[PDB]
Chemist: 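Would you mind keeping the following structure in view while I ask a few things?
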There are 2 protein chains.
Amino acid sequence: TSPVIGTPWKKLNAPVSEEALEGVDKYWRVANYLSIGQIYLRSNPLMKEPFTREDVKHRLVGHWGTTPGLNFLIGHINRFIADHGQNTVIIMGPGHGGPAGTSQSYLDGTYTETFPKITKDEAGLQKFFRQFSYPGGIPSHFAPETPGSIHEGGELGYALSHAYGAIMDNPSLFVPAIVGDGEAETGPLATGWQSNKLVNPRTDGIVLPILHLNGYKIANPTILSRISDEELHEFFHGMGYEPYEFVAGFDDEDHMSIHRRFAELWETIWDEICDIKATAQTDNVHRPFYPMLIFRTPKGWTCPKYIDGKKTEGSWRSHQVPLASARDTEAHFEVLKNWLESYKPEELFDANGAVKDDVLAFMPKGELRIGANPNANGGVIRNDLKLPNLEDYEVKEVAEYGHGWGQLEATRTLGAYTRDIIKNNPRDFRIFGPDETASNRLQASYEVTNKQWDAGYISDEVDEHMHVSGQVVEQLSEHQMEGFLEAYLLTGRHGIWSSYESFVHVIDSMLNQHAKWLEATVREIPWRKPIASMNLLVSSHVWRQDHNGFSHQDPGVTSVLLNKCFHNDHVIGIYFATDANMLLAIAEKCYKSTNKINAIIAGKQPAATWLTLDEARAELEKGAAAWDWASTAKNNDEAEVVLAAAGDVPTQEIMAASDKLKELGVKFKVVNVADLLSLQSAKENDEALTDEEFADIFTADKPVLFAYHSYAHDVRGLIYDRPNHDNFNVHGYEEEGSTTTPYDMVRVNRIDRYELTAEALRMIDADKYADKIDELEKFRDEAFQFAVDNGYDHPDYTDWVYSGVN
Amino acid sequence: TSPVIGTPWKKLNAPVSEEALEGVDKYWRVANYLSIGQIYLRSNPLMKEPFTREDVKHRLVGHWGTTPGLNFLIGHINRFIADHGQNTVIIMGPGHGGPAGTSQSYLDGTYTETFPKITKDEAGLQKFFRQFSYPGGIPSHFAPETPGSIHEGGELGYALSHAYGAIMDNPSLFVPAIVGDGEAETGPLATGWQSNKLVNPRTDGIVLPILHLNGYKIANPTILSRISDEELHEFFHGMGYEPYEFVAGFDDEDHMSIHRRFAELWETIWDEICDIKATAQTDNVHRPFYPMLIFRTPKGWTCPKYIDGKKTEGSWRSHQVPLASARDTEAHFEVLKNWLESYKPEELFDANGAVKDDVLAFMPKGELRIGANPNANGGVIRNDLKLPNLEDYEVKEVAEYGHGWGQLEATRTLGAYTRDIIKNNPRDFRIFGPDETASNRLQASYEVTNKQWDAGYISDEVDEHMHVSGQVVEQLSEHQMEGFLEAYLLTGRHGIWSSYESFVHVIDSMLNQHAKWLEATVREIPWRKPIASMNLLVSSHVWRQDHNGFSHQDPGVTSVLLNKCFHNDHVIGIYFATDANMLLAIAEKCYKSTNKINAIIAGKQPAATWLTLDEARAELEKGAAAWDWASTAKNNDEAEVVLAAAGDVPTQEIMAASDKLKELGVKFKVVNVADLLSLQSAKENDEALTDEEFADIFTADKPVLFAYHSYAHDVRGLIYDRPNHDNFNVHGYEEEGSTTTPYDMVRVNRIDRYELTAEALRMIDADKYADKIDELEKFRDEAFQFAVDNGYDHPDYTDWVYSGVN
Ligand SMILES: Cc1ncc(C[n+]2csc(CCOP(=O)(O)OP(=O)(O)O)c2C)c(N)n1
Ligand SMILES: Cc1ncc(C[n+]2csc(CCOP(=O)(O)OP(=O)(O)O)c2C)c(N)n1
Ligand SMILES: [Ca+2]
Ligand SMILES: [Ca+2]
């Protein structure tokens, strides 16, 4: 679970010391200098004679506009941390404020600790400035390469979901969450403000949202800075916050008055938070209004007010670089030089180029430093789950009655397994869902926990399984669920969320950003320890969406996740749960895995159970497997056709087609694919099937009929250099469907058992089986006409049991 | 432009008549009856003796919980429309309230008009009930098949973006926008409330948001119904709304008092809207507070209060069906029978099964009916754009100087073209962008229009190109931009939005839902006229994202859009703008197209111009084309290799590789692919290249080196059955990159000119060219080491001009 770090929720009981404020003002100057040096300078960091245009980088990359505001806030937060011993993680929402994050880590000493070549002297400072956003250096954003980041904030709008995920079951953790005022215009951010209705001030930590109201986004004003101050305050009060406003930099107040004013307001806010935390030790049934800070400052604060007659400080014109080419004109170089000198670096750095002791003597030390807090490197906190014994949940009836027995709902099995994970791993495992946990059949967890709800309660007739604390969280937002879980994992804990398949697409871009985090971490950031995997139960899938119908039918999550499978990163798992015993095997592998995004595509409809758990674990280790109990070919040369399937509904239709083929005497081989990346090119993926293993399973030369759960294009693209790939005939979802019966869903997508039987006969000999082929095609129209007439599927479809069942 | 319909913004100046309210109450009863009949009944709609369990559908599909609330609102809105002659489109946010939408269209007469077999008598009523969510019938949601829908509301959260898009440049249009209170938890909905800062009450219409606060989503309470009433009101007032609350159904108030109370509140709200509209004829500089309605009613209102001892009315238990199987138990059938009888259908329907005249005598008539308003079938409003003459914008310097001339930014050309579209098509064309219009270089439109901004103005030093009305709208939300545009198109107008490539993924699920709308429309809904295409400029793409770096590098929009290309729908266009003249040809085709989603992938970096406009139009008609001016093979049998490219940066690297190959004497053929679906299987796509056309371009048997803009998996999947496809060697984005130089981006993804030159020689003869191959690989490391040392790319890279340039 989360470590208790420091002395949390302590009031100061004194004014902020004038010395600490002189610390904060020097911090802001030197962090601003170091932010500018990283953007503009390739050499001569301390502007020794001669400082000329040759010291300027040839291409200016990075963002000034948000940066001096972030440096201000970070300076004051560091003072706060050292004075109070508070366990603190910062969410840098305007993540293009990269130079502030790297400057912080350089000043707190964690940068040189982590990156020993970047020393705390003039040659290390030169390397520090050159490397920023440079070929072979470090990124422009607050990337996972930076000590202290858990959030790159490249794609905007997840700051608050990540902040609130971080504090769940983390009652000593304080998260100051800096939100762009442009970022507050996004969808995901806008709903993220309501997360305070889903956290509990006793059992969870505290988020302080900080609205970086600098007035501007890239080229536009921001909505929230142009509405009235009364509207802006009512808005935050309507969302359960008590808003505090700070305004600075729009007049000629000296910088030391600003710091005193801010430290006074910070400590007032903090006294309000400590009151909330102290009250919650007794009463955590009544939701407080949490503080939030509206930080109103000019964009690009302390850049030159006018460059070439255009307003730059307090404008969108300061967003990227205020000064656009200091290398090309003497005039513009002089502006850069005077700007760099306005921070007076002669007082900040000593003769050797180290930042002076009195600049940083207010800073926190040890694990309380922003770049050294374990919650910001949450792999160091994370332990293996205590997992229950997987055979306790095994469907034993396959071994009793035969492969293909029963009408179980496979996700109920996962639900019972996850219930006992939650029971064995209190405060360490969570379930998230967008109001779909019961619907996706995971509600056995309510026997051991509750849905965390901190809005109003009204009646025990409606409010079953809800409590102000609990390990299940539901809000109708895929962005919230994915974002909560992502930060729960990045801070060292574990979990799962579930979703209807077609709505996974809502968070495709969040999955992309989590995968780029993971890809960069496993390629090049070894000091960042492995975090628990992002586990996604994909249920209510396309084949059993014949009640919501056509516009809820999109299995396309698989195509998205296949674009993050390169260079042996192995950060993606794509798993088709064939039945409940395969779902168990998959779930245990995903629950033991680290540094991944695991998609688990499982049906929740009643379906057969095909495998025992020991067979499921064997198929899962390779990824695909022949089912010799289902083949009537007895090796690869007497097979006429290979019937392969990936997914529970393709497996059902292929197994029903193999029974009709067997009745015709045909010699075939049956294959199941549980793990989709096992089919990936053996050159590209060293966990995938070797080409010899692939040709034993599939064959060297026989026609393979392949029923696939998602778009056939996924498979055709993956097997492009596999042996015998020209003989594959992939059937997937093909954008057909309506609100209809289950048979009609498989029929219109050409994956029903009769079409698959017919396709196998056309592949073997379309001419000797011509009579029986015309017979199967006529039945397809007749079983559809039965559904129209009677209101339910034809009994040859619905009553079918595999002949292996005794 | 939008038609002025009716007598807009007229006050009533009288109380609502008691007769009209008696109409509304009968409407609600019969719409509730017809909603239940559609869910439960397969036969005997008017429960003639004998009404037994055989009349009940075998499988119950659909949603009761939202429905009686929607029927209430729709009844009162119909009364409003007939009394005021207001041009009105409803957005049904809880779109799973399908039976309300179909019941409305059946009652207003537009259903039988559109669907002549569904007559207004007892046999038509039987067909009406059976067809709902049934095999071979109609969908469960408010689908495009329903007269009156412009929004299916399957995937939740776009109700307000669509409402506000609908009213843009539509000053007579009133849009009552019904928002689920669960739907209000989503990201896209939460930011959609701020859209009132982007509309102008003179030049645009009026949205009335209606929060369907029924207290419950699927299985949970809703956040907004469990916070305090003071918080809920402050929230809406903070977002620029004046909230009104209506509460009904939680006591024993008779239904006629409820209707009177509601009609009084409706007319008060409407008098406030008419005041806003009347004020805006004089002062449209000051943003009003728009009304909004909080409609607080029990979920499942008028269902039986308790079923089997569980609270059903006013619970999440009424969400899908209150009564779960009326076909299986005598007890549950009797509950259904008494429920159906509580509406007293004997007073609603006459002897023949027609709804009685006095039920519907309050209804609107003609084009003012919800299902007959042209804004709900916006293809009937839409005209061809007046498009300017495309040769006025042609880069003529290709013909002067040679193929490969210049350093133009291709999107500036599109920007000038779109400027003059806007100028020629006032109030008919809009640009949307998520604060990226200038950045994607489309800012020539500010010469003829402004960015529409209706929040506060502060200074001419920051507020350039902004006005309270204008044809460009910017908010930092891809959900808003995509959703605004989608409704502007569905109401008959035209436009374009632009985005950075990697953030297109933010709205993948909105693109999916628009594509399913389009797919269903072109397959089976001929009365729904073609709308203008959804045009998306995809710029700042993966190759020139070496300043934001790795986590902004995702070209994966192409893989998403390839999953919507089936069954000859042709609702997707995927276009790679090779240069500015190809961008013109693409843009004109997309601006003339109907019923599509067009992705236009164009670079905004300085690049060469390869084609004249007349050549670009020739390549675009087929989709791919050989470049005989660039080949040194003079037919297909003397080519040793085929150098193909799709995208401007792959084209640049392939053209630079062909110059180095030419210097070696190699005989090659150069191919450009502008239209990605031209490569799709000729069986699957009858607009794609025939197999004979494909083998003339690519060859029957030569090695094809293919540099592709996005993931190589897209292409490998598409060409799986094309001639010579085993000889393709696709190079795409392979998830490598950092913040770096442009050369280093192409180098790490194995698509740079030196690697491509080397791959061509390995494909031709890896053994005779072994010396020169080892030479090219060593230069790749040396040009990377140059960038590290100097800060900019090697001059052999940066200074290259194609030898065709004179
Ligand atoms: C989802 C998304 N769309 C677009 C962008 C491009 N972008 C980067 S910074 C930025 C402006 C950010 O504004 P704010 O949130 O206002 O940041 P700050 O001013 O503090 O720099 C935008 C639009 C983005 N990062 N994310
Ligand atoms: C983006 C998305 N996620 C999940 C769902 C599944 N879903 C359908 S209805 C529904 C509840 C809707 O609630 P509300 O908005 O509260 O609708 P109403 O009560 O009026 O039925 C949910 C979660 C959805 N439709 N869209
Ligand atoms: Ca800002
Ligand atoms: Ca609701």
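When reading the values below, keep in mind they use all heavy atoms of this one structure, side chains included, and skip hydrogens, waters and symmetry mates. Proteins come first, then strands; the chains are lettered A, B, ... in the order of their sequence lines, and each starts at number 1.
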Chemist: Is any side-chain heavy atom of A/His552 closer than 4.5 Å to a side-chain heavy atom of B/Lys516?
Modeler: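 No, too far: nothing below the 4.5 Å cut-off.
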
Chemist: Is chain B contacted by the side chain of A/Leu511, its backbone, both, or neither, given a heavy-atom distance below 4.5 Å?
Modeler: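 It is neither, since no heavy atom gets under 4.5 Å.
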
Chemist: Between the main-chain N or O of B/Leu60 and the side-chain N or O of A/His547, is there a donor-acceptor pair closer than 3.5 Å?
Modeler: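 It does not hold such a pair.
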
Chemist: Measure the OH-OH distance between A/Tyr134 and B/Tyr792 for me, rounded to the nearest 0.5 Å.
Modeler: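 Answer rounded to 0.5 Å: 10.0 Å.
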
Chemist: Just wondering, do A/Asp726 and B/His725 contact through their side chains at under 4.5 Å, heavy atoms?
Modeler: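 B/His725 vs A/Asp726: side chains touch.
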
Chemist: With a 4.5 angstrom heavy-atom cut-off, is it the side chain or the backbone of A/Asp744 that approaches chain B, or both, or neither?
Modeler: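 It is neither, since no heavy atom gets under 4.5 Å.
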
Chemist: Would you give the length of the straight line joining atom CD1 of A/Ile223 to atom OG1 of B/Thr191, rounded to the nearest 0.5 angstrom?
Modeler: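 It is 6.5 Å, given to the nearest 0.5 Å.
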
Chemist: Please flag which part of B/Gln443 lies under 4.5 Å from any non-hydrogen atom of chain A: side chain, backbone, both or neither.
Modeler: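 For B/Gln443, neither part sits under 4.5 Å from chain A.
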
Chemist: Select, from B/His141, B/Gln194, B/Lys197, the one with the greatest count of heavy-atom pairs under 4.5 Å involving chain A.
Modeler: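 Most heavy-atom pairs under 4.5 Å with chain A: B/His141.
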
Chemist: Side chain, backbone, both or neither: which part of B/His237 has an atom under 4.5 Å from a heavy atom of chain A?
Modeler: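 Both parts, backbone and side chain.
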
Chemist: Would you call A/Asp546-B/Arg59 a salt bridge at under 4.0 Å N-O?
Modeler: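 Answer for the salt bridge query: yes.
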
Chemist: So, A/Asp463 and B/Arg226, do they make that salt bridge, N to O below 4.0 Å?
Modeler: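 The answer is yes: the pair qualifies as a salt bridge.
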
Chemist: Using non-hydrogen atoms only, which part of A/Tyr500 is less than 4.5 Å away from chain B: side chain, backbone, both, or neither?
Modeler: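 The side chain, not the backbone.
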
Chemist: Would you indicate whether the side-chain heavy atoms of B/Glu734 and A/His567 approach each other to under 4.5 Å?
Modeler: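 Of all side-chain heavy-atom pairs linking B/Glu734 with A/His567, at least one is under 4.5 Å.
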
Chemist: Checking heavy atoms, do the side chain of A/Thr222, its backbone, both or neither come under 4.5 Å from chain B?
Modeler: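 Contact with chain B involves the backbone of A/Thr222 alone.
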
Chemist: For B/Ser559 and A/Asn563, does a side-chain donor sit closer than 3.5 Å to a side-chain acceptor?
Modeler: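 Yes, a side-chain donor-acceptor pair sits under 3.5 Å.
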
Chemist: Which one wins on heavy-atom pair count under 4.5 Å against chain B: A/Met239, A/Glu185, A/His505?
Modeler: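 Option with the greatest count: A/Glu185.
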
Chemist: Check B/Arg317, B/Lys311, B/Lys310 against A/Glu464 for a salt bridge (charged side-chain N to carboxylate O under 4.0 Å, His left out) and give me the one that passes.
Modeler: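 Testing A/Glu464 for a salt bridge (charged side-chain N to carboxylate O under 4.0 Å, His left out) against B/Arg317, B/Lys311, B/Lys310 leaves exactly one candidate, B/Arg317.
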
Chemist: How long is the gap from OG on A/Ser502 to CD on B/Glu155, to the nearest 0.5 Å?
Modeler: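 Nearest 0.5 Å value for the OG-CD distance: 6.5 Å.
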
Chemist: Nearest 0.5 Å, please: how far is NZ in A/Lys217 from CG in B/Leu476?
Modeler: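 Answer rounded to 0.5 Å: 6.5 Å.
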
Chemist: Is it true that a side-chain atom of A/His58 and a backbone atom of B/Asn790 form a donor plus acceptor pair closer than 3.5 Å?
Modeler: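 The answer is yes, because a donor-acceptor pair under 3.5 Å joins these two groups.
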
Chemist: For A/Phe784, is it the side chain, the backbone, both, or neither that has a heavy atom closer than 4.5 Å to a heavy atom of chain B?
Modeler: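 Only the side chain of A/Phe784 comes within 4.5 Å of chain B.
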
Chemist: Is B/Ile458 close to chain A through its backbone or its side chain, or both, or neither, when contacts mean heavy atoms under 4.5 Å?
Modeler: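 Answer is both: backbone and side chain atoms of B/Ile458 are under 4.5 Å from chain A.
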
Chemist: Hey, which of B/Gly136, B/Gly549, B/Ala219, B/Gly62 has the most heavy atom pairs under 4.5 Å with chain A?
Modeler: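 Maximum pair count with chain A is reached by B/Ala219.
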
Chemist: In terms of heavy-atom pairs under 4.5 Å, which option from B/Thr437, B/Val506, B/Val61 contacts chain A the most?
Modeler: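 Option with the top pair count is B/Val506.
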
Chemist: Can you say whether A/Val788 sits under 4.5 Å from chain B via the side chain, the backbone, both, or neither, judging by heavy atoms?
Modeler: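 Both backbone and side chain.
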
Chemist: What option among B/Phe236, B/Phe289, B/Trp453 has the most heavy-atom pairs under 4.5 Å with chain A?
Modeler: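 Top count of heavy-atom pairs under 4.5 Å with chain A: B/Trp453.
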
Chemist: Please flag which part of A/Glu152 lies under 4.5 Å from any non-hydrogen atom of chain B: side chain, backbone, both or neither.
Modeler: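 Contact with chain B involves the side chain of A/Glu152 alone.
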
Chemist: Is A/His96 close to chain B through its backbone or its side chain, or both, or neither, when contacts mean heavy atoms under 4.5 Å?
Modeler: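 Nothing of A/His96, per the 4.5 Å heavy-atom cut-off to chain B.
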
Chemist: Could you grab the distance from atom CD of B/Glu145 to atom CZ of A/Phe550, nearest 0.5 Å is fine?
Modeler: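 Here the interatomic distance stands at 9.5 Å.
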
Chemist: Give, as side chain, backbone, both or neither, the part of A/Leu156 having an atom under 4.5 angstrom from any heavy atom of chain B.
Modeler: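 Side chain only.
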
Chemist: Where does B/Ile507 contact chain A at under 4.5 Å (heavy atoms): side chain, backbone, both or neither?
Modeler: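 Interface part for B/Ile507: neither.
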
Chemist: Under 4.5 Å heavy-atom distance to chain B, tell me which part of A/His63 shows up: side chain, backbone, both or neither.
Modeler: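 For A/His63, the contact with chain B is made by the side chain alone.
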
Chemist: If you count heavy-atom pairs under 4.5 Å between each of B/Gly182, B/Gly137, B/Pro434, B/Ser228 and chain A, which one has the most?
Modeler: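 Greatest number of close heavy-atom pairs with chain A: B/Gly182.
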
Chemist: B/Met466 versus chain A, heavy atoms under 4.5 Å apart: side chain, backbone, both or neither?
Modeler: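 B/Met466 touches chain A through side-chain heavy atoms alone.
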
Chemist: Determine, for A/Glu735 against B/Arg523, whether the closest basic-nitrogen to carboxylate-oxygen distance falls under 4.0 angstrom.
Modeler: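 No, this pair does not count.
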
Chemist: So which of A/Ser509, A/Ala515, A/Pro135 has the biggest tally of heavy-atom pairs under 4.5 Å with chain B?
Modeler: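 Most heavy-atom pairs under 4.5 Å with chain B: A/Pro135.
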
Chemist: Return yes if some donor-acceptor pair links the side-chain N/O of B/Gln513 with the main-chain N/O of A/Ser551 below 3.5 Å, else return no.
Modeler: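 Side chain of B/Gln513 to backbone of A/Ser551: a pair is present.
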
Chemist: Shorter than 4.5 Å, heavy atoms on both sides: which option in B/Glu519, B/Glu474, B/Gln553 has the most such pairs with chain A?
Modeler: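 Heavy-atom pairs under 4.5 Å are most numerous for B/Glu519.
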
Chemist: Side chain, backbone, both or neither: which part of B/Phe566 has a non-hydrogen atom closer than 4.5 Å to chain A?
Modeler: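 Answer is side chain: those atoms of B/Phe566 sit under 4.5 Å from chain A.
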
Chemist: Is it the backbone or the side chain of A/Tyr306 that comes under 4.5 Å from a heavy atom of chain B, or both, or neither?
Modeler: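 Just the side chain, heavy atoms under 4.5 Å.
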
Chemist: So what's closer than 4.5 Å to chain B heavy atoms on A/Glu524: side chain, backbone, both or neither?
Modeler: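 Neither part.
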
Chemist: Taking A/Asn220 for the side chain and B/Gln475 for the main chain, is one N or O donor matched with an acceptor at less than 3.5 Å?
Modeler: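 Judged by distance alone, no pair lies under 3.5 Å.
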
Chemist: Hey, what do you get for NE2 (A/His713) to OH (B/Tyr720), rounding to the nearest 0.5 Å?
Modeler: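 Those atoms lie 10.0 Å apart.
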
Chemist: Could you look at A/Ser738 and say if it's the side chain, the backbone, both or neither that has a heavy atom under 4.5 Å from chain B?
Modeler: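 Neither part; nothing is under 4.5 Å.
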
Chemist: For the side chain of A/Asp435 and the backbone of B/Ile218, is there at least one donor-acceptor N/O pair under 3.5 Å apart?
Modeler: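 Checked: pair present.
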
Chemist: Please flag which part of B/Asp789 lies under 4.5 Å from any non-hydrogen atom of chain A: side chain, backbone, both or neither.
Modeler: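 For B/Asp789, the contact with chain A is made by the backbone alone.
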
